[PDB]
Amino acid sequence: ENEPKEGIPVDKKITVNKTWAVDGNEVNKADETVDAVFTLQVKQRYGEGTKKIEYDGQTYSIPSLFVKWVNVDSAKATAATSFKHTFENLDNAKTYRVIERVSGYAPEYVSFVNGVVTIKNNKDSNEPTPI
């Protein structure tokens, strides 16, 4: 259910290390299609700009460093089996994140350490109501 994580490349590379699951059950089904797309994003400094805002009768205009997330590259998953995708030619100095979009599942952004983004795709169960 998690919040995307950030971290830095190791040796110009960041591997997404992907598993799948239902009810926290290791799943691995090469014939089960998925449409998970992964977008790699870097935190990109654009430099010195300003924020302007009317306050108390007059425009206030404050210098601010602008830092955005911008799309670096992407990977498209194919079936519901455990895989790694290694993004390459990155900058060890910069800070990145991977955001996954997938129908059917809940990315659990588990950890991001030592070059590796670990992501467990938790399947969508219906909520069981008592009788």
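Note that residue numbering begins at 1 and tracks the sequence as displayed.
*Asks:* Compare the mean C-alpha B-factor of 94-102 with that of 22-30 as given in the PDB entry, and name the stretch with the higher value.
*Replies:* Comparing averages over the C-alpha atoms only gives 22-30.
*Asks:* Name the higher of the two by mean Cα B-factor in the PDB entry, 63-71 versus 84-92.
*Replies:* Taking the mean B-factor of the alpha carbons in each, 63-71 is higher.
*Asks:* By the record's CA B-factor, is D35 among the lowest, middle or highest third of residues in the chain?
*Replies:* Its C-alpha B-factor belongs to the highest third of this chain's values.
*Asks:* Ordered by C-alpha B-factor within the chain, which third holds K52? Give me lowest, middle or highest, please.
*Replies:* Bottom third by C-alpha B-factor.
*Asks:* Select lowest, middle or highest to describe the third in which the CA B-factor of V16 falls within its chain in this entry.
*Replies:* For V16, whose C-alpha B-factor we compare with every modelled residue in the chain, the answer is the middle third.
*Asks:* Report the third (lowest, middle or highest) to which the CA temperature factor of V10 belongs, ranking only the modelled residues of the same chain.
*Replies:* Tercile = lowest for this residue's CA B-factor.
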